[PDB]
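Each of the two blocks below gives one form of the same protein chain as structure tokens; they are labelled structure 1 and structure 2.
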Structure 1
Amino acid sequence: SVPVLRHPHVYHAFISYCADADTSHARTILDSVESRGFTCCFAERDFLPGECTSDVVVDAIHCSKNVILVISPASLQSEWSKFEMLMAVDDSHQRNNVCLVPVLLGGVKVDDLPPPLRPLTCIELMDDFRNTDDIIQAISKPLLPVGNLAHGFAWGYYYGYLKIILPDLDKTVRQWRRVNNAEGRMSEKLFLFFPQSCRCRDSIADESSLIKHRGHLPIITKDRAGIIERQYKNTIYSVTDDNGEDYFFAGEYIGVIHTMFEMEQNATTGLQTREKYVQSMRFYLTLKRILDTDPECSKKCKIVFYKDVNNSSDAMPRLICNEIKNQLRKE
């Protein structure tokens, strides 16, 4: 049938092709699909000659339900296969398998496909264009897909935050404990907490009545991303040991991971509690691999992974105490 179009969708399908060698093959598929009612976006007739920029191709993809990907032996050699073809390929295999319609011409060897396209289910179109009705089937089919979050979270957290606060953070923390007379009861490392469920708390004082907000480090003011005087503040807390003595520390959660928790709770999002654990562990590895490259930032902070499934109002305070032990022992 002719599926009705969602609001952003103005085309039924966008024909992604290599204009050097398959601009004639793509035009043939255009007629085969539009003859049976569908409205497609063909670059030669629907774009302006000078308005074939990368963003214009992207808007057509954003405004089309499906994307017919024309792949030929000659197209895999041109720069199109390593540039504009990939802009129609999503990381989420869920969206790829529903949105992308690969069409293999001539040599249909799936092994020759780049790694992005190799695990996809493609249609073999004969040299006489007889499987053209197979293409029409994938366009008639009328839960948000989730790609991989590990690399985006880790690289952004490093360049966009850790690279900002961690340089000369030792002096800032040591100058804080000397002013407040916290020697022997406060470390100099920034503690980044990584709960297993990724459920970040508004304040570490929400874990137990033993954690108390005790101040903050000097505010880092920076004009970034067009926001003038964006504040980067680090909060100081304190835990009470079993011996009634207060140990201080600069602590915070890895707040970027809280998105994985919110996506898991959002029933419309395609991220279940099982993949959340996978995405969080790929994030843990990637971030720790990035920190190994920068030794002046890695050893100025301490990542602490733990489970937060138990309801013990004492499990979290003693964990922070046992974590400051190592830091004070190493000093």
Structure 2
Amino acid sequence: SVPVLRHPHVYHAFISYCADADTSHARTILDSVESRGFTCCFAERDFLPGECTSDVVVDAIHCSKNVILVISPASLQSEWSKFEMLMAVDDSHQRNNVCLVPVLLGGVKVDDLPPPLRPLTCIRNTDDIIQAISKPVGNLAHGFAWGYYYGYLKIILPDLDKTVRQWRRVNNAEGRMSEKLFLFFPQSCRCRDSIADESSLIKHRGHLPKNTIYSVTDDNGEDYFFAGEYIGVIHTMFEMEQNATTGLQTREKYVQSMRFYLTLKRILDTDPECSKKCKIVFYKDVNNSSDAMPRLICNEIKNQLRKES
């Protein structure tokens, strides 16, 4: 009847309520559940007077198998609906359907609720919530993209074109080198230690004061130079797919990585000092011939030199 709790769980349910309005209602639901045998976490009783901070709340949510949301007409006005309640809501719809137990009071109805809570199938009606207490990857695009932007691209891109032109000038790469930083995005999301590991015809040529410079030979023997590197963050999706514990498979790896690709491009093109400073090179990393990757890069370098002319 009453389930045995896992490693992090020490409570069957955390009762999330607005202390300004529904404190009485939350005590009523609490007393109904705890008598039946379930162990609950209740702010008024369990949170010490000086430790009702958001992290103690999230520590309680982490240790609670289910989270019971007491949603009334007043609960939406209290900013609790904009703060502590949203902390319990997860990016994964599968997670919210298992964990969340929305308790609707006063006839607010499902349509009145915020978008995340609507498709969750919400709820002496106190028997029904006990029924729900008895016994996953969200979208990665925005975290990856904003973290890659502010942690790296926003720092190096704004003046990188100046650094490249200085290197190009004093190395006789004029006309044979684009200003942009080429960012490599293999479809499998597998990143190698160096893009030169894809072909012995890709040669290390030094670095930018550190971003690496490579050379590549086209059909006429003309050497073309470029600053290039992998988008290192995408390797995480490859690791998640390969992990049996992680809920990410091949189809989601492609979907997540195209959302990431799209979100990164929206941010870069929004920023005038970062757009046109890098070129993302998406490619199917399926070929072993020594000509394949060199020919792809030469095509991209020549395409970018046209636009910079």
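For residue numbers, the reference is structure 1: its sequence is counted from 1. Superpose the two forms; the largest set of C-alphas matching within 1.5 Å is the rigid core.
In a core superposition between structure 1 and structure 2, the Cα of 246 is the only one among 79, 246, 112, 91 shifting by 2 Å or more. Annotation: Cα of residue 184 displaced by at least 2 Å between structure 1 and structure 2, core superposition. Remark: with the core as the superposition reference, the CA shift of residue 173 between structure 1 and structure 2 reaches 2 Å or more. Comparing the forms between structure 1 and structure 2 on their rigid core, the Cα displacement of residue 213 reaches 2 Å or more.
Once the two forms are overlaid on the core, residue 310 shows a Cα shift of 4.3 Å between structure 1 and structure 2. Summarising the core-aligned comparison between structure 1 and structure 2, the C-alpha atom of residue 283 is found to shift 0.8 Å. Once the rigid core is matched between structure 1 and structure 2, the CA atom of residue 296 is found 1.7 Å away.
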